[PDB]
Amino acid sequence: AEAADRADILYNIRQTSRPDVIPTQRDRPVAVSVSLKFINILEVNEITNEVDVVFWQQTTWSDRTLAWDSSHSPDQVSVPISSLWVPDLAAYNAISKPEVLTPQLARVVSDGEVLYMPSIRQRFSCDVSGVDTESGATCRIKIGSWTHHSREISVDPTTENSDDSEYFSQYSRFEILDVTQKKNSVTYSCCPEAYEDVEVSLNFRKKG
Amino acid sequence: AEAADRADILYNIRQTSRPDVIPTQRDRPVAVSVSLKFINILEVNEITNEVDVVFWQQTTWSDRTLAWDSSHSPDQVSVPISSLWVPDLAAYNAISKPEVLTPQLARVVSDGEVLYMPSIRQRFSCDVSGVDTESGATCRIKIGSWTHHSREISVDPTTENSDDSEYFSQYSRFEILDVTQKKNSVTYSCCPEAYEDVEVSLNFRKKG
Amino acid sequence: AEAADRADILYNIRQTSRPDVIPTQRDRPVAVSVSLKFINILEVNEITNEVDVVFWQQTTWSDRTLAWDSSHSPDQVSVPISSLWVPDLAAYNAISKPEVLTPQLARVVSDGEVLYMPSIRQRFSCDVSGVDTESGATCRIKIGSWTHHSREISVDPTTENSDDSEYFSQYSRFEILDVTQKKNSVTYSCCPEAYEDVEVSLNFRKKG
Amino acid sequence: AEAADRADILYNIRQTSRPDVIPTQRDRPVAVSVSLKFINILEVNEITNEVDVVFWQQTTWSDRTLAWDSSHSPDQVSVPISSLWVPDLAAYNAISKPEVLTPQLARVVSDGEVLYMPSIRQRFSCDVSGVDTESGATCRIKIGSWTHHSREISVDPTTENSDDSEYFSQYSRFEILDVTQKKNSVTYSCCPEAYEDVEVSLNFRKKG
Amino acid sequence: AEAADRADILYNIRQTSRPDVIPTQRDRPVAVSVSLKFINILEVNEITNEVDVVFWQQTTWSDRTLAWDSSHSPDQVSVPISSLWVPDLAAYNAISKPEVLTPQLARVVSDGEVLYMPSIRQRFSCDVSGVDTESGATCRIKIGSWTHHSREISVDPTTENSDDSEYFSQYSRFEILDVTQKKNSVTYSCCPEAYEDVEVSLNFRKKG
Ligand SMILES: N=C1NCCN1Cc1ccc(Cl)nc1
Ligand SMILES: N=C1NCCN1Cc1ccc(Cl)nc1
Ligand SMILES: N=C1NCCN1Cc1ccc(Cl)nc1
Ligand SMILES: N=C1NCCN1Cc1ccc(Cl)nc1
Ligand SMILES: N=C1NCCN1Cc1ccc(Cl)nc1
Ligand code: NA
Ligand code: NA
């Protein structure tokens with residue numbers, strides 16, 4: 001006999017959780033990590049500077065309100081994102097809504113760590129010039145919390161321990177040369193607070 | 001120990017939320033301020049007089065029924081628009097529904113001030129003539145309450161509007177020459193009362 | 001101190017509207033007036049006899065179960081259509097589902113009179129022949145109740161007036177010559193009863 | 001002073017609605033009739049053997065769990081299909097999901113007879129060869145229950161006979177030569193039971 | 001009089017299904033079998049290495065929490081998937097969301113065995129090179145659980161012989177030369193556990 005099973009954990013999470021309440025820990029912002037693992041580049045237009053790509057948006061953060069004693073029960077459960085709070089990230093230069101290609105489930109660990117990694121197809125406005133050259137083009141995608149400023153949400157790249165083209169389609173007409181990520185904190189007109197973002201630089205080119 | 005946290009504030013807002021009730025203060029109309037920050041100009045057809053544009057629609061208004069004492073609690077919260085009343089604005093010359101590219105969350109201040117600023121991609125019917133000339137074309141976009149007349153909702157350009165081209169994409173095939181906002185008050189045959197609107201004149205041209 | 005405010009009125013409507021129940025008074029059918037205000041004519045094709053049109057579909061009818069004494073209270077409110085019964089109108093020759101470009105709110109008057117006027121973009125299969133001539137083309141659009149027969153819903157064209165181009169976009173590649181309506185009552189092979197429709201005739205042509 | 005009105009009948013149907021429960025009368029299958037009233041033929045590609053069609057899918061069956069004494073009550077009511085059980089019909093050769101152009105309402109008679117007649121636009125994979133000839137093409141469309149076998153649902157062509165092109169648009173680029181039906185009973189490798197379908201053959205040709 | 005009817009069964013399922021809870025047996029992984037029956041090949045593009053496929057994704061697994069005594073009651077029922085737990089399968093190389101063409105119902109047998117077989121149209125990124133040769137092309141489709149690792153979900157190519165062109169449309173411009181399945185267990189850089197998938201190799205070519 002155990003202390004709890006998945007049904008108990010999920011039941012408790014659904015019964016509470018509060019999807020609309022940001023899990024700030026006292027006076028600290030929620031530390032969100034986000035990185036883009038590119039899977040494909042389906043269309044590129046050097047005249048209009050538009051690209052159509054697919055990527056896994058690995059997203060992580062902690063939500064202590066989800067934690068549970070796992071000394072005698074499962075250590076993790078897959079949870080519908082509709083049942084928990086998730087960062088309100090947006091790509092500033094996206095020109096289409098994200099088309100989520102995978103089941104919208106996050107993975108919650110008994111300590112409150114949450115991983116959400118949907119595969120997404122989305123179009124963007126970025127620098128496509130040079131794509132047809134050896135040095136390639138460098139398309140920058142900026143992602144960050146849409147409505148939470150720096151005192152509520154911070155964004156940093158996730159860690160990386162693999163090739164930038166690790167999961168990139170070998171059948172794409174393009175190939176990846178380099179993928180880098182840099183964090184930023186920007187203040188805009190509408191509001192007095194600063195908003196953080198991660199800038200992902202996709203350096204790619206048309207294959208020979 | 002505080003008086004309340006985000007969970008409590010959001011709970012109170014959700015529980016008393018009358019999304020379908022315009023927050024008129026007595027008999028005064030709800031004063032709505034609107035201004036467009038252009039992000040991109042994607043499709044332009046001078047033959048059909050049609051254009052595709054991406055813009056942030058900064059919308060502000062006061063809803064006193066949302067106010068709370070923040071002396072010992074958070075001063076603001078991000079709230080899903082489905083839990084609040086929002087102006088029923090519509091672009092009169094739009095020929096496509098608004099494609100909202102950002103999380104649909106409004107920011108609510110403890111005094112009742114609300115800010116909703118979605119990034120929208122929408123197609124419009126306007127004058128594209130001259131877009132390929134030095135003077136460029138001037139496309140006018142009209143926005144106002146669809147069902148609330150002047151005595152229930154007033155719409156005015158945002159007083160501070162200096163960032164109209166601040167976020168415009170340097171990668172667009174077009175460039176902005178000027179953005180002007182103006183207010184109107186029209187009476188249409190269908191009905192007796194007058195409906196206010198804001199007219200945004202986008203003077204732009206094709207690079208080259 | 002008044003008798004009631006919008007919050008009270010909308011609360012009562014939401015609690016008792018009965019959206020699935022046609023508001024027939026005794027045994028008299030619900031008199032639904034339908035009037036199309038043409039806003040734009042977009043992608044016309046004389047080869048396939050298809051056309052894209054944008055119009056305000058002014059729809060009016062009365063629902064006595066919505067009336068309230070507005071002696072000392074608002075005499076009108078905007079209500080989400082999901083909270084009211086609305087006629088099940090359908091465009092017989094439409095070849096695409098209606099794209100509603102406006103907030104789906106109807107205006108309900110204290111005496112029970114209801115007005116719903118969505119701006120719609122929809123494609124139709126009609127006669128485009130002669131669109132390039134001085135006499136132009138005459139595209140007929142048929143609209144009527146899909147499941148309520150003549151004894152339950154009566155559709156009547158509102159003899160609004162002339163000036164059918166009052167709200168027609170000056171930027172369209174086409175122009176409106178004239179708009180006329182007429183009432184039909186058809187018995188289909190599926191069923192014994194008769195279903196009525198208003199047939200709007202749109203005579204238009206490409207601007208010379 | 002009647003026995004009941006529409007509000008009472010629709011209240012009882014909604015309250016005891018078992019939308020996910022096939023209403024088999026004891027151990028007898030549910031007898032479903034279906035005939036397709038072709039309204040239009042919009043896209044025809046003889047290269048890829050694909051066609052875009054608009055048709056009224058006249059569907060009828062009996063659900064005795066809906067009946068009510070109509071001595072002094074309405075003889076019938078229109079009911080949102082989401083509140084009733086409907087056959088899980090699927091076109092085996094469709095290559096796009098059905099686009100329902102009409103309000104999703106079914107008509108229920110006091111005896112329990114039900115009629116659901118959506119107007120549908122759908123793309124199909126069929127023989128388009130000889131569409132440009134005088135003999136025309138014969139595109140066969142197969143429709144049957146997707147998850148209910150012959151002992152639970154039987155499917156038969158509607159006995160209702162009428163001009164094939166009876167409601168076919170006169171503005172289509174094509175015209176109908178003839179429409180014949182055929183009832184099949186097939187056994188598929190996945191499952192041990194037999195599944196029924198109605199095969200509708202659309203003999204049409206392009207206009208000269 | 002029986003022990004139970006479909007109404008009772010579906011009611012118990014609706015009340016106790018727990019759709020967000022994977023039905024792991026005691027502590028073993030849920031054995032999921034997957035088999036793709038190809039129905040059609042459309043929109044092939046050898047330049048971009050993309051193809052549109054229509055297939056029945058035969059999916060089976062066991063959920064003993066659904067079992068019931070059918071000695072005096074129906075042995076099976078069709079259940080809306082929203083009322084059941086279903087494997088969170090995803091096609092790794094799909095570049096469009098799956099378009100489900102059939103009613104989203106699964107078949108649940110009284111012993112607890114579940115079958116879900118939606119017909120799906122979806123675009124893929126794969127090797128289309130050689131489609132115009134006698135050897136044809138070989139497009140591999142990889143499908144596995146997105147958030148459940150090998151210890152929670154195992155995926156296996158159904159063990160059974162079946163003509164690959166059994167249900168393939170005779171009107172497609174392409175034909176199937178052969179179809180083979182391969183099982184895999186993969187560890188992704190994001191996570192420590194291994195995730196299983198089945199890779200289906202579709203060898204097809206353009207018909208002469
Ligand atoms: N995160 C961003 N990007 C541009 C402006 N902004 C901040 C912001 C703040 C509040 C609301 Cl409701 N919307 C946006
Ligand atoms: N804002 C506008 N534009 C055209 C007509 N109108 C006013 C209006 C009034 C009432 C209802 Cl239900 N809908 C629209
Ligand atoms: N309004 C029309 N047009 C064609 C047939 N019809 C009448 C009708 C009657 C009942 C149901 Cl459920 N659906 C449609
Ligand atoms: N319509 C038919 N005939 C044979 C198979 N099939 C499709 C089908 C049957 C049962 C389930 Cl759960 N899913 C899909
Ligand atoms: N099955 C796959 N493919 C890529 C990563 N992954 C595993 C995985 C783990 C956790 C969450 Cl929330 N999402 C996906
Ligand atoms: Na454990
Ligand atoms: Na300005």
# chains A, B, ... in the order shown; residues from 1 in each chain; ligands from 1
call {"tool": "residues_near_ligand", "arguments": {"ligand": "ligand 6", "cutoff": "7 Å", "atoms": "only C-alpha atoms and all ligand atoms", "output": "ChimeraX atom specification"}}
result
/A:70-75
call {"tool": "residues_near_ligand", "arguments": {"ligand": "ligand 5", "cutoff": "10 Å", "atoms": "only C-alpha atoms and all ligand atoms", "output": "PyMOL selection string"}}
result
(chain A and resi 37+56-60+77-81+102-108+114-119+167) or (chain E and resi 88-92+143-149+186-197)
call {"tool": "select_by_dssp", "arguments": {"residues": "stretch 1-207 of chain D", "states": "alpha helix (DSSP H)", "output": "list in words"}}
result
residues 6, 7, 8, 9, 10, 11, 12, 13, 14 and 15 of chain D
call {"tool": "residues_around", "arguments": {"residues": "residue C:172", "least_positions_apart": "3", "cutoff": "8 Å", "atoms": "only C-alpha atoms", "output": "PyMOL selection string"}}
result
(chain B and resi 48-49+125) or (chain C and resi 40-42+169+175)
call {"tool": "write_last_selection", "arguments": {"atoms": "N, CA, C and O atoms", "output": "PDB file, in the first residue's frame"}}
result
ATOM      1  N   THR B  48      -6.376  45.618 -55.704  1.00  0.00           N
ATOM      2  CA  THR B  48      -7.583  45.329 -54.923  1.00  0.00           C
ATOM      3  C   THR B  48      -7.772  46.263 -53.728  1.00  0.00           C
ATOM      4  O   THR B  48      -8.803  46.215 -53.052  1.00  0.00           O
ATOM      5  N   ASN B  49      -6.788  47.126 -53.490  1.00  0.00           N
ATOM      6  CA  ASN B  49      -6.815  48.035 -52.353  1.00  0.00           C
ATOM      7  C   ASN B  49      -6.974  47.224 -51.073  1.00  0.00           C
ATOM      8  O   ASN B  49      -7.880  47.460 -50.271  1.00  0.00           O
ATOM      9  N   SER B 125      -9.458  46.834 -46.018  1.00  0.00           N
ATOM     10  CA  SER B 125      -9.808  47.413 -47.303  1.00  0.00           C
ATOM     11  C   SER B 125      -9.527  48.907 -47.135  1.00  0.00           C
ATOM     12  O   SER B 125     -10.180  49.581 -46.336  1.00  0.00           O
TER      13      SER B 125
ATOM     14  N   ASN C  40     -18.736  45.709 -48.905  1.00  0.00           N
ATOM     15  CA  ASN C  40     -17.681  45.495 -49.881  1.00  0.00           C
ATOM     16  C   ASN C  40     -17.937  44.282 -50.755  1.00  0.00           C
ATOM     17  O   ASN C  40     -18.673  43.364 -50.385  1.00  0.00           O
ATOM     18  N   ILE C  41     -17.330  44.306 -51.933  1.00  0.00           N
ATOM     19  CA  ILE C  41     -17.406  43.204 -52.891  1.00  0.00           C
ATOM     20  C   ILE C  41     -15.931  42.973 -53.147  1.00  0.00           C
ATOM     21  O   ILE C  41     -15.232  43.879 -53.612  1.00  0.00           O
ATOM     22  N   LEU C  42     -15.452  41.774 -52.826  1.00  0.00           N
ATOM     23  CA  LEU C  42     -14.028  41.489 -52.952  1.00  0.00           C
ATOM     24  C   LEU C  42     -13.536  40.647 -54.124  1.00  0.00           C
ATOM     25  O   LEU C  42     -13.223  41.188 -55.181  1.00  0.00           O
ATOM     26  N   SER C 169     -17.682  50.442 -49.442  1.00  0.00           N
ATOM     27  CA  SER C 169     -16.320  50.933 -49.553  1.00  0.00           C
ATOM     28  C   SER C 169     -16.045  51.562 -50.906  1.00  0.00           C
ATOM     29  O   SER C 169     -16.309  50.962 -51.945  1.00  0.00           O
ATOM     30  N   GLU C 175     -18.805  48.621 -57.875  1.00  0.00           N
ATOM     31  CA  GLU C 175     -19.750  49.631 -57.428  1.00  0.00           C
ATOM     32  C   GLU C 175     -21.163  49.062 -57.467  1.00  0.00           C
ATOM     33  O   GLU C 175     -21.481  48.223 -58.309  1.00  0.00           O
TER      34      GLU C 175
END
call {"tool": "residues_around", "arguments": {"residues": "residue E:97", "least_positions_apart": "6", "cutoff": "12 Å", "atoms": "only C-alpha atoms", "output": "ChimeraX atom specification"}}
result
/A:54,98-103,119-122 /E:52,90-91,120-124
call {"tool": "write_last_selection", "arguments": {"atoms": "N, CA and C atoms", "output": "PDB file, in the first residue's frame"}}
result
ATOM      1  N   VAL A  54       9.590  25.058 -37.792  1.00  0.00           N
ATOM      2  CA  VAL A  54       9.050  24.149 -36.799  1.00  0.00           C
ATOM      3  C   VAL A  54      10.138  23.995 -35.741  1.00  0.00           C
ATOM      4  N   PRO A  98       0.892  30.536 -33.119  1.00  0.00           N
ATOM      5  CA  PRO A  98       1.620  29.269 -33.097  1.00  0.00           C
ATOM      6  C   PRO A  98       0.708  28.082 -33.379  1.00  0.00           C
ATOM      7  N   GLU A  99       1.125  27.210 -34.293  1.00  0.00           N
ATOM      8  CA  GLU A  99       0.361  26.004 -34.601  1.00  0.00           C
ATOM      9  C   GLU A  99       1.026  24.906 -33.765  1.00  0.00           C
ATOM     10  N   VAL A 100       0.408  24.535 -32.648  1.00  0.00           N
ATOM     11  CA  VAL A 100       0.976  23.502 -31.771  1.00  0.00           C
ATOM     12  C   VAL A 100       0.727  22.108 -32.344  1.00  0.00           C
ATOM     13  N   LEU A 101       1.808  21.419 -32.690  1.00  0.00           N
ATOM     14  CA  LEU A 101       1.709  20.096 -33.300  1.00  0.00           C
ATOM     15  C   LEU A 101       1.633  18.911 -32.356  1.00  0.00           C
ATOM     16  N   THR A 102       1.845  19.131 -31.064  1.00  0.00           N
ATOM     17  CA  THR A 102       1.842  18.027 -30.113  1.00  0.00           C
ATOM     18  C   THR A 102       0.772  18.133 -29.016  1.00  0.00           C
ATOM     19  N   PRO A 103       0.494  17.023 -28.306  1.00  0.00           N
ATOM     20  CA  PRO A 103      -0.516  17.091 -27.244  1.00  0.00           C
ATOM     21  C   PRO A 103      -0.085  18.162 -26.244  1.00  0.00           C
ATOM     22  N   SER A 119       5.800  21.098 -29.793  1.00  0.00           N
ATOM     23  CA  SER A 119       6.470  21.266 -31.060  1.00  0.00           C
ATOM     24  C   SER A 119       5.571  22.294 -31.720  1.00  0.00           C
ATOM     25  N   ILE A 120       6.177  23.336 -32.278  1.00  0.00           N
ATOM     26  CA  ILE A 120       5.399  24.400 -32.890  1.00  0.00           C
ATOM     27  C   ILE A 120       5.806  24.794 -34.307  1.00  0.00           C
ATOM     28  N   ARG A 121       4.810  25.039 -35.148  1.00  0.00           N
ATOM     29  CA  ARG A 121       5.067  25.518 -36.496  1.00  0.00           C
ATOM     30  C   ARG A 121       4.563  26.949 -36.437  1.00  0.00           C
ATOM     31  N   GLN A 122       5.404  27.897 -36.839  1.00  0.00           N
ATOM     32  CA  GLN A 122       5.027  29.305 -36.789  1.00  0.00           C
ATOM     33  C   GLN A 122       5.828  30.098 -37.828  1.00  0.00           C
TER      34      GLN A 122
ATOM     35  N   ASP E  52       1.320  14.848 -48.348  1.00  0.00           N
ATOM     36  CA  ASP E  52       0.043  14.817 -47.650  1.00  0.00           C
ATOM     37  C   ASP E  52      -0.473  13.390 -47.655  1.00  0.00           C
ATOM     38  N   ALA E  90       2.172  11.448 -30.974  1.00  0.00           N
ATOM     39  CA  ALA E  90       2.463  12.554 -31.866  1.00  0.00           C
ATOM     40  C   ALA E  90       3.360  12.057 -32.982  1.00  0.00           C
ATOM     41  N   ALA E  91       3.160  12.604 -34.177  1.00  0.00           N
ATOM     42  CA  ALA E  91       3.990  12.252 -35.323  1.00  0.00           C
ATOM     43  C   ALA E  91       5.137  13.267 -35.312  1.00  0.00           C
ATOM     44  N   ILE E 120      -7.053  10.234 -40.491  1.00  0.00           N
ATOM     45  CA  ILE E 120      -6.346  11.504 -40.436  1.00  0.00           C
ATOM     46  C   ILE E 120      -5.629  11.934 -41.704  1.00  0.00           C
ATOM     47  N   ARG E 121      -5.747  13.217 -42.024  1.00  0.00           N
ATOM     48  CA  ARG E 121      -5.020  13.766 -43.153  1.00  0.00           C
ATOM     49  C   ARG E 121      -3.963  14.612 -42.469  1.00  0.00           C
ATOM     50  N   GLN E 122      -2.719  14.483 -42.901  1.00  0.00           N
ATOM     51  CA  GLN E 122      -1.654  15.242 -42.262  1.00  0.00           C
ATOM     52  C   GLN E 122      -0.480  15.351 -43.218  1.00  0.00           C
ATOM     53  N   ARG E 123       0.262  16.448 -43.104  1.00  0.00           N
ATOM     54  CA  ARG E 123       1.418  16.659 -43.963  1.00  0.00           C
ATOM     55  C   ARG E 123       2.682  16.231 -43.219  1.00  0.00           C
ATOM     56  N   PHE E 124       3.633  15.660 -43.949  1.00  0.00           N
ATOM     57  CA  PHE E 124       4.873  15.204 -43.336  1.00  0.00           C
ATOM     58  C   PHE E 124       6.112  15.688 -44.049  1.00  0.00           C
TER      59      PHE E 124
END
call {"tool": "residues_around", "arguments": {"residues": "residue A:198", "least_positions_apart": "6", "cutoff": "10 Å", "atoms": "only C-alpha atoms", "output": "list in words"}}
result
residues 33, 34, 35, 36, 91, 141, 142, 143, 144, 145, 154, 155, 156, 157, 181, 182, 183, 184 and 185 of chain A
call {"tool": "closest_residue", "arguments": {"among": "C:202, C:150, C:168, C:138", "to": "ligand 3", "atoms": "only C-alpha atoms and all ligand atoms"}}
result
C:150
call {"tool": "residues_around", "arguments": {"residues": "residue B:135", "least_positions_apart": "2", "cutoff": "10 Å", "atoms": "only C-alpha atoms", "output": "PyMOL selection string"}}
result
chain B and resi 130-133+137-138+177+203-205
call {"tool": "atom_distance", "arguments": {"atom1": "atom CA of residue B:113", "atom2": "atom 13 (N, counted along the ligand's line) of ligand 1"}}
result
13.1 Å
call {"tool": "residues_around", "arguments": {"residues": "residue E:9", "least_positions_apart": "3", "cutoff": "9 Å", "atoms": "only C-alpha atoms", "output": "MDAnalysis selection string"}}
result
chainID E and resid 4:6 12:14 68 73:74 77
call {"tool": "closest_residue", "arguments": {"among": "C:160, C:201, C:83, C:153", "to": "ligand 3", "atoms": "only C-alpha atoms and all ligand atoms"}}
result
C:153
call {"tool": "atom_distance", "arguments": {"atom1": "atom CA of residue E:93", "atom2": "atom CA of residue A:38"}}
result
12.1 Å
call {"tool": "closest_residue", "arguments": {"among": "B:164, B:127, B:152, B:43", "to": "ligand 2", "atoms": "only C-alpha atoms and all ligand atoms"}}
result
B:152
call {"tool": "atom_distance", "arguments": {"atom1": "atom CA of residue C:151", "atom2": "atom CA of residue D:17"}}
result
26.9 Å
call {"tool": "residues_near_ligand", "arguments": {"ligand": "ligand 7", "cutoff": "8 Å", "atoms": "only C-alpha atoms and all ligand atoms", "output": "PyMOL selection string"}}
result
chain B and resi 160-165+179-180
call {"tool": "select_by_dssp", "arguments": {"residues": "stretch 55-177 of chain E", "states": "strand (DSSP E)", "output": "PyMOL selection string"}}
result
chain E and resi 55-62+76-80+89-91+99-100+105-109+113-116+119-125+137-145+153-157+174-177
